[PDB]
Amino acid sequence: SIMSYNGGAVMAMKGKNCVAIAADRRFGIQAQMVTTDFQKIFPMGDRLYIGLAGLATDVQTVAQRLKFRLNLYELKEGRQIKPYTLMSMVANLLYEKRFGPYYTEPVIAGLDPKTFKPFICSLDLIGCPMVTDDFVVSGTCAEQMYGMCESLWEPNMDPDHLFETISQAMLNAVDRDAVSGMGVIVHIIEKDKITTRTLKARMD
Amino acid sequence: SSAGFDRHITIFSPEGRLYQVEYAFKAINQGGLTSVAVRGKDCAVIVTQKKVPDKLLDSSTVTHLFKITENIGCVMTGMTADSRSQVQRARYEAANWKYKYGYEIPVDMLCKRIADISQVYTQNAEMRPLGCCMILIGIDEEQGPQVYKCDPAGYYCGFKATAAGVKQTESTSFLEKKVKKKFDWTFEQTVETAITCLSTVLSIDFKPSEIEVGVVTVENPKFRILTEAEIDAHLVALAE
Amino acid sequence: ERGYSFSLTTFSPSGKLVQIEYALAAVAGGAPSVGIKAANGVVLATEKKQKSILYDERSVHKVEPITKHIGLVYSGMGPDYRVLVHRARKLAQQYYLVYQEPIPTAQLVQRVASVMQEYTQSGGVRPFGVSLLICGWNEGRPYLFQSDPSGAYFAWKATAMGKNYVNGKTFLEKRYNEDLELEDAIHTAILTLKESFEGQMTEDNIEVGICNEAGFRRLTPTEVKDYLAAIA
Amino acid sequence: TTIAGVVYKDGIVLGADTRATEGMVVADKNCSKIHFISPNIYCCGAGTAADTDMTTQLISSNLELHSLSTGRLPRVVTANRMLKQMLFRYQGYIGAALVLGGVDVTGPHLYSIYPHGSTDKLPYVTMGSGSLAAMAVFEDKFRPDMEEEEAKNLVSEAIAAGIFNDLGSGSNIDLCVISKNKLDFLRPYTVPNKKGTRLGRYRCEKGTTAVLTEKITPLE
Amino acid sequence: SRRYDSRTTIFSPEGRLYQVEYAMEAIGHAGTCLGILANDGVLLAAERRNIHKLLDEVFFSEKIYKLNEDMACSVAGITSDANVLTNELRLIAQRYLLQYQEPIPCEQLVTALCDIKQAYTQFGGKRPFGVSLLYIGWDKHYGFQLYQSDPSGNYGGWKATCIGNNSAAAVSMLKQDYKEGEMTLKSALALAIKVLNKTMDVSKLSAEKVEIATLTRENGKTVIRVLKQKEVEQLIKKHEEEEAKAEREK
Amino acid sequence: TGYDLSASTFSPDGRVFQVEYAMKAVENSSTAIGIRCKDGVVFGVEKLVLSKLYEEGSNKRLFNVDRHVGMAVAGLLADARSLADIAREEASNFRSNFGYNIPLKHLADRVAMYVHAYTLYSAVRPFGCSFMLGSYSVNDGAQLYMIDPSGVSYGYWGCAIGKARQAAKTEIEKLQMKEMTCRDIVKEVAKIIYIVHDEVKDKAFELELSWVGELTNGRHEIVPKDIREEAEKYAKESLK
Amino acid sequence: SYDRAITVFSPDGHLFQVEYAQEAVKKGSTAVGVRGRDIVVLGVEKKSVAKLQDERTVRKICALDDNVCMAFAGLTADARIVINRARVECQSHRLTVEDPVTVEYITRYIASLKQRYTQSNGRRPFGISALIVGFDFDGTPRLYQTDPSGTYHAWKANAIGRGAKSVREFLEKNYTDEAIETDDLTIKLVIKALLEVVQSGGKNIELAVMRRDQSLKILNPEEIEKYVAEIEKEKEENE
Amino acid sequence: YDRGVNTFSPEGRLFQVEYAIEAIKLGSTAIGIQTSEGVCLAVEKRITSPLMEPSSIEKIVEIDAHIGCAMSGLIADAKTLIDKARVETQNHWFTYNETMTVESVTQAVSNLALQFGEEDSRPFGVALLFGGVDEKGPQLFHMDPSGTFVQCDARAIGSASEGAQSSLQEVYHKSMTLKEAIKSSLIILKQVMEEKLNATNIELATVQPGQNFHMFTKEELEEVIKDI
C-alpha cells in the first residue's frame, strides 16, 4: 500500500479542558533515514492545529488547500471557524474525488473559537467523520496506538500526566514499528496559552 | 420617457411601466374569446364560446379547452399561436413531474413554473414575451376545490370566482355581489351562474353547440370533456 | 437564440445609471412595507390587498420565508420576487453543502447582491424594481437588512419601503427609541400600517411574519387579528 | 455496523448500533448511523459512512428546498425516486446500504435501498452484515399489525441478537421511532459489550521522560 | 440588430474612449478618500455615506475592506460593483498564496487587477468598472506600499493620493504641509484632519460622519487596525484645538 | 418608430406586422386547397406560367411527407421546400421510435413549434409560407388541417388559399363532407378551381391533382391527370 | 461571445475609429530615440509627476531582456498589455531558440498581433503605438516602429509623439554621420533633442542609455544637470 | 444607414467590400511583366523621410521557391496571408513532393480571401500580384481583395495603376524580353515616382527558371540606374 511508504502516526490526545496532539519527527523513505525536520502537524487559523499522516504530497496538499478555503472564510467574515464546520469542510474536499481520492489520514486538534471547549476528530481518506470527546489517532500500528490509550488514558487528565502518558504512548507504541521514530513533537493548546514540547528517539 | 429603443423593448419607464407586455394585454382581444370560470364548493366550472366562419368548420377541432392530466385541465385565451406552445410546455412539466417526483402535482407548482417561464421570456426582449393567459382548474386532497390562473404578467392567482379576458371586467364585476353574499354552490348552481354571467354580455341563449364548457366535481376526480347532450339538458333546466 | 448579453445600460452624464433610477422609482411606487429589528427578534408586516373580493390570503402569499429561521419581505413585483427567492433557495444549498450548518443573515446579502450587481453588468434586464428586505436571527442578535437594485445594502433596526417610505420612517424615528420588544414592534407595525391604511387592523388585508432567536415564525392572519382587534 | 427495523400498525420503528471498527481491534465504539432527513422521515446508514452521508445530505437537500417551496409534507417516494436514480447511474460503484422509511399522512412507507437502486416495500427490512440473524428472528417471531411497545421489544431483541452473531455489531443500541403525531430518536439505549478495568497501573510519573525543547506561546 | 448597443467599447469622435470620462465621473461623484505619507506606518481616511443614526453599523469597517492579513485597500465607487472586485482581488491574492505560500507584492497584483479592469473596456461594448480604489500594505522590499487605481488602466500610485472632486482641494494642502520623515503617524493624523476640515463642508467636522483607519508594521503581526471612535473624537477635537492655537498669528 | 421591424417586439395594436406581412404575401400565391370526403382527401394546385417558362412537371408546389401524408403549400417556394423537408424527415423520427404512421393532428404541432419559435426569436424571422395538410386511413379517418405564417394549427373539411379563397370555398359547401365520394369530387372541385381564380388576368396556367384515401389504401400520390383527363373533361362545359 | 462590427471600410480609403485612434498616440507625450553603433539612447518627457511622491513605477521604458528596450507612446493600459504579451513572446522565444529575441521577430509579433487584434470582431484596437530601441546580436544596432495597423519600419533615427515634425526638423543636426562618435556626444545629442523636445525641462525629462552588452542605466538627477550644464553653456561657447 | 455591414447594394454588391476596392487606389505602384525568359516586377518604396532604411520596406515577398507575391494598401493583414499561404505551400510539398504550381496559389489564397462574418472578421483592402514560373513557363497572376482571380500579362496596382497600365498598353508585346521589360518599365516607374530615382526608391523582383533567387540583389539596381 502507499500508506506504507511515508507512513507516520498522528496521535491527538485530549485532556480535561485542553486538547493535545503529537506526531513523529522523522520524515524519510522506509527504513532509510533522511531527516527529522519535517513536521507533519501544521498550524491552521487561530488556536487550532491539524495532524496529517500519509503521502507527503497529500499532506502538504491539505495544508495549502485548507489554507485556501480558511483564508477565504476568515477574509470574508472575521469570525473564527468552528471545528464542526472545519470537519465538514475537510470531508467535503476529500469526497470531491470519489474515484480519484487522495491518500491521507487527517487528524484535527483544535479549540472552540467562542469558548474553552476543545475538539478532536480523525477522518479517513474519504472523509469519514468521527466526533468524540476522548481521543483520535491515525497511524500504522493498530494494536499499539489504541492499546496504550486503553491501558493508560483516562477521560479526565491534567496536562502534566497528559504529556507523560502520551510520552510513554509514543514510546512503547511508535518505537515498535520502525517507520516512525527519531523524535516526537508534541503540541498542546488551550484557551489560556499554547505550549509545545519535543521528545527524542534513537538515532540509528 | 423613452431612450433609444425603449419603446420597442422591455425596460422600465420613469414610472417603471413596461411598453411591450402592455401590448400583450391587448393581445388577448384577437378572436374575441371570453372564458369565465366559477369554482363552487365541491366543483369548478369553465365556460367559453367560439366563432364559426362557415359550415366547413370541423367539430373535432372546435375545442379550445386543453387537458393537463386526467385529473386536471386547462383553458387558454388570446392568440392561439402562443397558447398551443404554452400548453405543450405544460405537458412537458406535468410529464416530468410525475417522472422524477412520482406523486400528485398540486397544480400550484405548475402555475409557479409557467409564471416564471412567461416572466423569463419577459426578461429578455429578444424573444417573444408570450403574452398568452394561462387558466387552469385543480384537484387536490384536503384542500377542497382548486382553481389557479397564471397571468402573462408572470404571477399566478385564482380562486372560486375568477376569470380573464376582454369582457370579464363586466361579468366578474356583476359576480362580485352576485356570488357572495352567502350563496351556496351545487353542480347545477355553478353551471347556472356560468350561463348567467355569459348572459350578462351576450344573452343570446344559443344552442349548446357553440359553447365550450368544462366542469369538474369531486366524486371521481378525473375531469371529463362535456358532451352537448348534458349541456342541452342544463339549458332547458335554466329556462323558467 | 441571440445571446448578445451586452451592457447597454450605461453611465449618465452625471455618472449614475438612469435605468437604476427608474428601478428605484419602481420601488418608490411600490407597496408600503416595513420591518423592525428589536431585541429578541424581527417583525415583518407590509401590506397585501387584492384588486377585488375574489382573492383570499389563504393560498398566495406575498411573504415567503427563505428558511425556517430566516424570513424575507420586499417591495415591487411578485413575479421577480419569487425569481430571486428561487435563486435564494438554490444558493442556500451551495452554502449548506460545505457548512452543514444554517446560514448567517448577511451571508445571503453578500452573494445575492453580488448576483444582483452581476445582473446589472450582465446583458438583458436588470434587478428591476424589487428591493428585498432580508431578516433573521443568528449569534443571539437578530438582523434586518435591505438592499437596492444597484446592490447597496445597509443595516438598521427599522425602515419603511414602498410609497410614503420617508413619511412612515420619520414617524418610526420618534416612536422607536432605545430597544423594543416583539409586542411593541408589532404595535408600532400597526402604526406604520395605519400610515397608508387602507387595510390596517384587518387580518385579511395584511400578513405578519415574525423572526425570533428560536427561529422565524410565520403566523396566519388569525394571530394578526389576535394581537390587533383590539388593535393598540 | 447493522441497521434493521420493523413497521408496526401505527408507525415505524428502526434500530442501529454504534459499533464501527476494522478487525478484532477495538477502535470506535460510538458512531451514529441514524441520520436526519425531515420531520416525517429518518435514514439509517451502513457500508461506507462518508459516501452515504453525502448521499443523505443531497437527499435532505432536495427534500429541504422542495418541502419549503411546497409548504407540505412530502411523500417518501419523492426522495426514493432520486435515490434509486442516482445510485442506478453508478450501477453500484458507490456501496450504499440504507433503510428508507417514514410515516406521512398517507401512512407508513418502507423501502430497501441497494447500490443498484432496487426498492421493495416490506413490513421489515434488515441491512448490513448482521442481517442474517436479524432476519431470522424477524421472520420467525414477527406477526403483522403489532403495537408500538411490542415493536420496541422486537427491535430491541433483534438488534441485541445480531450483536453477538455479527462481528462488527455491538456497543450502544440506537432506537428510531417514526409516526405521524410523534418523532422519536432515542440514543443511546443499552451497552451489553464493555471492556473491564486495567490489570495494573502503568501510570507515568515525571523524571523518566527527557524533554528536548519546551516552547511557550502565550495567547491574547 | 446592431443599433441597440451604445458602442461603449468602440472609439469615439473625440479621439479616446468616451465612456471612460463618465466612468471617472462615477467615481468622481460622492466618492471621498485620501492617503497619508508612510513613515514607519500609514493611515487611511474616508467619508461615511450613512447619515442615518438608527443604522446598526455592525459590519465594523464600512468603506475599507481587508484583502489580505497584512495588506488592505481603500475603495471608492458603487458598493456592490466594488464588492465584486473585493472578493475577486481577494481570490487573486489568494491564488497567489495558493501558489507560493507567501504574501503578494502589490506591484504585480495591482497590474493584474488593471488587466482585469480593462476587460469590460476592450470587448463586447461592456460597461467599464465604475469603481476606482486605493492600495495600502507592506512588502519585504519597498516597505509600506501605497498605490492607486485608475479607470484608464494605469496604477497611479503615490504615497499621498486624492479621490473625489472635494478632495481635489487637499492636493494644495498636501504639498503645503509636504515633508518626508519628518512626518509621524500623529502628524499625518492632524494632516488628514485638516484635509477634511478644508474639504468636507460638515460643520465642526463631525467624527462619526467620516471613516478613519490605520495600519502598523509589527513582527510578525503587521496589524491592519480598525479604530474605536473614542480616539478619533479626541483627535479631531485636539486637532481643531491645535488650530485654535494656530490662529494666534493675528 | 418602426414597431413592426423585429418579430420579438410587439406593436401598439398588440401584434407583429412581420406575421401580417407574411400573411398577405401568401395571398399573392395561386390556388392551394384541400377537401376531404369519407373515402379520402382531394388535393389540387394551379400552376402559374409566366411565359414558357420551362418543361412540364418541374418544381410543383405539391409535396409529400409520408405514404399517408402529403404537402400542398403556398407562398415562397424555397422556404416551402424547407418546412416540407423538415416535416418530411420528422416523420422518420416517429417511424424510428414507434414504426407506425404519424398522426397528422400532432404532426402539425411540430410545424407549429417551428413556425412559432421562428416568430419568437428576433434574430430569425417568420416564414412567409402556408400550406395544407390532409390524410385518410382505415384506422384513423379523414383529417384536413391548415397552417399559416402565424403558426395556427387548425383544419376544416375544406379550405382554400391564394387570391380567390373565400369566394372559392363558398360554393364548395354544395359538395358534402361525408356522403360525397372523393373519387368523383376530383372533377367536382376541378370545375370550381377552373371557373374560380380568374385566369383572364394571366391566360397561361396549369393544373395539378393529387389524392389520398382508401382507394389507394392509405397511399398519398397523384391521381393520374394523363389518365381519363378528369380535370378538363368536365370543367370546359362548366363555365358555359 | 460578443458579435459586432469594430470598424467598417469607408470609401475614403481607411477605417474610422482605427486611423482616427492615431490621435490617441498623437495627443500623447513626446518620445524619441537614437540608435548608435556604440550606445543606444532614447528619451521621454511630460511625466506630469507630483514631484512630492514616488514616480519610479510610472516609467515608460521596460525591458523584456537586458538587450531589449521597449519605448511606447499613448495610454498605459494597452502599453502594459503590449509589455506582458511581448513578455510571453520573448519568454517563448527564450524557451524555443534559446538565443535572445531578434528585432524582426518581436516586431512581427507585436505588429501582426495588433493587426489580428484589429481583425476579429469584439476586439478594440490599441490606442497606443511603440518603437523599439536596442542592439541586435553581434553588435548591430536596431530601431523600428509600430502602427495601429501593425506595420513596422526602420528609420535612421526615432522622432515620434507630440510634435513629430518639429523634432524631425530639429534632426537636421542629427543627420550628421559624425553623431555619435562617442557616448558623451550621444548624450549631448539627446541633451539638445530633449531641450528642444518639447515643453521640458529640468524635471520631467526622463531617459536612459545602453552601450553594447552593458545593461541599461538610468542616471540620477545629478549628471542630468551636468549634461544640461554643458548644453546650456554650449550656447555661450558658440558666441 | 449602417445595416449589418454585410448588406448588399441595390445595383448591386457588397457595401464594405466595394469600399475597400476603392481603397486600393492609394497604395504603392507596382508593375509586373510576363516574359518567356522570366517574370519581372518592381515597386516604389515611397520614402516618407530621409531617415528611412532601404531594406526595412519591401512590397514584394516570396511565397514558395519560385512563387513571389506583392502587397497593396494595408500591409500587416496581407503579411499574415503571405506566411499563412506558405504553410499551405509546404503542405502542398507534403503530399505532392514538388513545388506548388503558380496557378494553384489562387486556390491557396483567393478561396480563403474573404471568410469574414459577424458570427464564427472584416474584409481586406489589399490586392496581390502573384509572380512565378510553373511547369508551363512564366506566369504572371493577380487577385483582388474579394477573391476574383484573373490572369494578366501586365498588372498595376495602387496609385499609378490606371495610369501605368494605360501607358504600358502600347509598350507591351508578345516578343518583350527580360532586360527589355526591366528597362522599359522603369521608364514608367521614373514617370510614376515623385522622388528622384535612387537605389532606395525602387526595388526589382524577378523570377527565372535558370537564375534564382533572384528575386534581385542590390548595387546591381544602381547599374541599371546609370542605364536609365
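What counts as what
- Residues numbered from 1 in each chain as written, not as in the entry; some residues may be left out.
- Chains lettered and ligands numbered in written order.
- Part of a larger assembly, values for the part shown.
- Heavy atoms only, no water.
- Residues with missing side-chain atoms left out of burial classes, pairs and counts.
- Helix = DSSP H or I, 4+ residues; strand = E, 2+ residues; numbered from the N terminus.
- Rg over C-alpha atoms; globule rule 2.2 N^0.38 Å.
- Contact = heavy atoms within 4.5 Å.
- Pairing = 2+ DSSP bridges.
- Buried < 20%, exposed > 50% of the residue type's maximum accessible area, 1.4 Å probe, protein only.
- Salt bridge = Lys/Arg side-chain N within 4 Å of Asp/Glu carboxyl O.
- 1 Å grid on protein atoms, 1.4 Å probe; cavity = no way out; pocket = protein on both sides within 12 Å on 5 of 7 lines; lining within 4 Å.
- Points joined across faces, edges and corners; volume = space filled by probe spheres on them.
- Nonpolar A, V, L, I, M, F, W, Y, C, P; charged D, E, K, R; others polar.
- Buried area = accessible area lost by both parts, 1.4 Å probe.
- Polar contact = N/O pair within 3.5 Å; in protein donor to acceptor, adjacent residues only side chain to side chain.
- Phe/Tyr/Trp six-rings, centres within 6.5 Å; stacked < 30°, edge-to-face > 60°.
- Axes fitted to C-alpha atoms, helices over the stretch in contact; angles between N-to-C directions.
- Patch = residues over 30% accessible without salt bridge, like charges linked within 9 Å, V, L, I, M, F, W, Y side chains within 5 Å.
- Areas by Shrake-Rupley, 256 points an atom, 1.4 Å probe, with all protein chains shown as cover.
- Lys, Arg positive; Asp, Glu negative; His and termini not counted.
- Charge placed at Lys NZ, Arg CZ, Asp CG, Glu CD.
- Core = buried A, V, L, I, M, F, W, Y, C linked by side-chain atoms within 4.5 Å.

Its PDB header attributes the entry to cryo-EM and lists the resolution as 6.8 Å.

**Focus: the overall build of chain H**
Looking only at helices and strands, chain H features six helices and nine strands. For chain H, the C-alpha radius of gyration of 18 Å lies close to 17 Å, the compact-globule estimate for 228 residues. Principal-axis analysis of the C-alpha atoms gives chain H an extent of 55 × 45 × 35 Å.

**Remarks on the overall build of chain A**
In terms of helices and strands, chain A carries four helices and 11 strands. At 16 Å, chain A has a C-alpha radius of gyration in line with the 17 Å of a compact globule built from 204 residues. If one aligns the C-alpha atoms of chain A with their principal axes, the spans along those axes are about 50 × 40 × 25 Å. Restricting to contacts in chain A with at least 6 residues of sequence separation, those with at least 24 account for 59%.

**Let's talk about the sheet that holds strand β6 (residues 141-143) of chain G**
Residue and element names in this part refer to chain G. Strands sit in the order β3-β4-β5-β6 across an open sheet of four strands; the sheet is antiparallel. Each edge of the sheet is formed by a strand with only one pairing partner; in this case those strands are β3 (61-62) and β6. Note: β3 against strand β4 (residues 68-73), two bridges, orientation antiparallel. Counted as the bridge partner of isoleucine 61 is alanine 71 from β4.

**Remarks on the pairing of strand β10 (residues 184-189) of chain A**
Residue and element names in this part refer to chain A. Counting buried positions over the six residues of β10 gives six, a clear majority of the element. In β10, alternate side chains face the same way, and those of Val184, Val186 and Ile188 on one face and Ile185, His187 and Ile189 on the other are all buried. Here strand β2 (residues 19-24) pairs with β10 via six bridges, running antiparallel. Following the sheet pairing, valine 19 is matched in β10 by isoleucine 189. The sheet contact formed by β10 and strand β11 (residues 193-198) spans four bridges and is antiparallel. Across the sheet, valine 186 pairs through a bridge with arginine 197, a residue of β11. In this antiparallel pair of consecutive strands, β10 and β11, the connection spans three residues.

**Considerations on the pattern of salt bridges**
Inspection of the entire model under this criterion finds 46 salt bridges over all chains. Between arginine 187 of chain D and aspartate 174 of chain D there is a salt bridge; the shortest N-O distance is 3.3 Å. One end of the pair, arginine 187 of chain D, is in the loop between β11 (183-186) and β12 (214-218); the other, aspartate 174 of chain D, is in strand β10 (residues 173-179), and 13 residues separate them in sequence. For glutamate 20 of chain F, the salt bridge goes to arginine 15 of chain F, with nearest N and O atoms at 3.9 Å. Among the residues examined, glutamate 20 of chain F registers a relative accessible area of 25% and is labelled partly exposed. Under the relative-accessibility criterion, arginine 15 of chain F is labelled partly exposed at 30%. In the salt-bridge network here, residues are joined through shared partners; they are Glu148, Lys182 and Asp184 of chain D.

**Comments concerning empty space enclosed by the protein**
Residues and elements named next belong to chain H. Taken as a whole, the largest cavity spans an internal volume of roughly 160 Å³. For the largest cavity, the lining is made up of 20 residues, of which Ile60, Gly68, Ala205, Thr206 and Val207 are closest to its centre. Counting only elements with at least two residues in the lining of the largest cavity, the list comes to β2 (40-44), β3 (60-62), β4 (68-70) and β5 (128-134). Split by residue class, the lining of the largest cavity holds 14 nonpolar, five polar and one charged.

**Let's talk about the interface of chain A and chain C**
Across the boundary between the two partners, chain A contributes seven residues, which contact seven residues of chain C. Among the residues chain A hides against chain C, the three largest losses belong to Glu77, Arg79 and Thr85 of chain A. Together they make up 49% of the total. Linking chain A with chain C are one residue pair in polar contact. Top element by residues in the side of chain A that touches chain C is helix α2 (residues 83-95) of chain A. It accounts for four residues. Tallied by class, the residues present in the side of chain A that touches chain C amount to two nonpolar, three polar and two charged.

**A few points about the environment of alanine 93 of chain E**
Residue and element names in this part refer to chain E. Within the secondary structure, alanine 93 is located in helix α2 (residues 79-100). Sequence spacing of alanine 93 and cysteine 106 is 13 residues, and the spatial spacing of their C-alpha atoms is 9.3 Å. If sequence neighbours within four positions are ignored, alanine 93 has contacts with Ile104 and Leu109.

**Re the packing of aromatic side chains**
This structure, assessed with the given rule, holds 38 aromatic pairs over all chains. Taking the centre distance of 6.5 Å and the plane angle of 50° together, the rings of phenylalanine 12 of chain B and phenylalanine 128 of chain C count as tilted. Taken together, the residues span two chains, with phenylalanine 12 of chain B in the segment before α1 (21-25) and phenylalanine 128 of chain C in the loop between α3 (105-121) and β4 (131-138). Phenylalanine 128 of chain C shares its class with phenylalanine 12 of chain B; the two are buried. For the pair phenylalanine 94 of chain F and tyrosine 100 of chain F, a centre-to-centre distance of 4.9 Å together with 80° between the ring planes defines the contact as edge-to-face.

**Here's the deal with the sheet that holds strand β2 (residues 41-44) of chain C**
Residues and elements named next belong to chain C. Judged by pairing direction, the sheet is antiparallel, and its five strands sit side by side in the order β7-β1-β2-β8-β9 without closing on themselves. The open sheet has two free edges, formed respectively by β7 (158-161) and β9 (217-218), since each of these has just one partner strand. With four bridges joining them, strand β1 (residues 33-38) and β7 adopt antiparallel strand pairing. Along β7, the bridge assignment pairs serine 33 with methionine 161. The strands touched by helix α5 (residues 182-193) are β1, β2 and β8 (209-210); relative to β1, the strand with the most contacts, the crossing angle is about 160°.

**Section: the interface of chain B and chain F**
Across the contact, 31 residues belong to chain B and 34 residues belong to chain F. Those elements giving two or more residues to the side of chain B that touches chain F turn out to be α1 and α2 (80-100) of chain B.

**Here's the deal with a negative patch on the surface**
All names here are of chain C. On the surface, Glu178, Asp179, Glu181, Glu183 and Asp184 cluster together to form a negatively charged patch. Within the fold, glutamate 183 resides in helix α5. A relative accessible area of 47% means that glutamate 183 is categorised as partly exposed.

**Quick notes on unusual backbone geometry**
Note on backbone geometry: most residues besides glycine have negative phi, and most peptide bonds are trans. Going from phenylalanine 197 of chain C to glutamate 198 of chain C, the amide bond is cis rather than trans, its omega being 0°. The topology assignment puts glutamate 198 of chain C in the loop between α5 and β8. Following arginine 187 of chain D, the chain continues to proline 188 of chain D via a peptide bond in cis, the omega torsion being -10°. Along the chain, the position of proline 188 of chain D falls in the loop between β11 and β12. Backbone geometry at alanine 30 of chain E places phi at a positive 70°, although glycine is not the residue there. Inspection of the secondary structure puts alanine 30 of chain E in the loop between α1 (19-27) and β1 (33-34).

**Some words on the nonpolar core**
In globular proteins that are soluble, nonpolar side chains generally tend to be buried together. Within the largest apolar cluster, 44 residues are counted, with the highest numbers of intra-cluster contacts made by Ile50, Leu66 and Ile108 of chain A together with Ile66 and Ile134 of chain C. Of all the secondary-structure elements, those providing two or more residues to this core are β6 (48-51), α1 (56-76), α2 and β8 (118-122) of chain A together with β3 (72-75), α2 (78-99), α3 and β4 of chain C. Here this core gets seven residues from one element, more than from any other, and that element is α2 of chain A. Those residues in contact with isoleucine 134 of chain C that sit more than four places away from it in its chain are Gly71, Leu72, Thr105, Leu108, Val109, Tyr143, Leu144 and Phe145 of chain C. One finds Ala37, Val75, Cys111 and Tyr148 of chain B within the second-largest nonpolar core, a separate group that totals 37 residues.

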